[PDB]
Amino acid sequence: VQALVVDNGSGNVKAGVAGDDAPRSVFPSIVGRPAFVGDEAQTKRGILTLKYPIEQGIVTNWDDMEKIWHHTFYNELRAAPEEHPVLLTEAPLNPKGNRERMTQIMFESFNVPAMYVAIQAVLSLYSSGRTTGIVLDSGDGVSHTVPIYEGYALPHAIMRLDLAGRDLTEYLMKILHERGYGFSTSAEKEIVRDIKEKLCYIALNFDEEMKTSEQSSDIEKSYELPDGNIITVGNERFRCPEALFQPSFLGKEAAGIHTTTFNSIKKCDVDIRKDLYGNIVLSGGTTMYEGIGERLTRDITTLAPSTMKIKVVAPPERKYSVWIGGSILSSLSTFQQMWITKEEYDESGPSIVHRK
């Protein structure tokens, strides 16, 4: 019997079957009302007011979240939840009561036979073929740095960053306005998101790149809009992702990702830091910028002691590493013994989820 794997993202839901190499269903985590779910709601942005049930990785609107899960099972996968185990993902440091609430909905509303809740960052490390390392996960809503040693995350060293892809899209939109283009609406927000993914990159040295880009026109690139018009983008290509390293660009007091990663490793016992510096694993869609590995290696090497060897790992398929890791875990011969059964829930209630 094949389990279903569902990764609950702030931007997108990734859903599919255990044993596949990639999710078969990816759609936006949106619910619109004049109820439409996913892409249905994004095409109809006029009559509908859109709501995001997941905020910075945490479920905040349970009614709408149940509508998203219904859409996942029936409209997207065409699967009877009563006949498949379900593996669900959660963000690091997810509130305890929300893990229980998610468990109650699965057994009482969808009547699943068994389920399991896994931490997103740990799934990503397993997908890279590792048991020890530090995962930098940055998606649409939130970024985290999660040290993991011999299979288990270290909660005292997990650090959170209020800066991710959605903040970067709004920044590119603002500086393209300063450039002379008039992107503003929610629909245009989706086009600027495509520009970001297609033309942006991370400079190895920001200050030098600013002078390089002005001394020639090789920085410029053209982008065709859906209507057919063409625009040109210059130094906004590397200024936008730079906010990951200098959050002040966005009016935030937070430290950049390189400083955050460094502070996370310092919170760990000195005897394991070498294994952490040598296994910095990137995960999530916002780590997909060209040049990110080389910039991250330079900045962390500048902060870390010289006796440590810094190695940043950038898997080509890291945009879905969380889901891939769940697909592998839930396929193992030993997984039958790891999950919560409908029997155990009927006797213990939703609290059984924590000792499992």
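Throughout, we count residues from 1 along the sequence that is shown.
Where coordinates are absent for parts of the deposited sequence, a chain break appears; between neighbours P305 and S306 there is no such break. Between 164-172 and 182-190, it is 182-190 that carries the larger average Cα temperature factor according to the deposited entry.
In this entry, the higher average B-factor at the C-alpha atoms falls on 191-199, of the pair 191-199 and 270-278. Comparing the C-alpha B-factors of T72, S216, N111, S283 in the entry, the top value falls on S216. Ranking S128, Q120, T261, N229 by the C-alpha B-factor listed in the PDB entry places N229 at the top.
In the PDB entry, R33 places in the highest third of its chain by CA B-factor. For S321, the recorded CA temperature factor ranks within the lowest third of the chain's modelled residues. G251 sits in the highest third of its chain by CA B factor, as recorded in the PDB entry. Sort the modelled residues of the chain by CA B factor and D21 lands in the lowest third. Residue-level temperature factors show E76 in the middle third of its chain, judged at the C-alpha atom.
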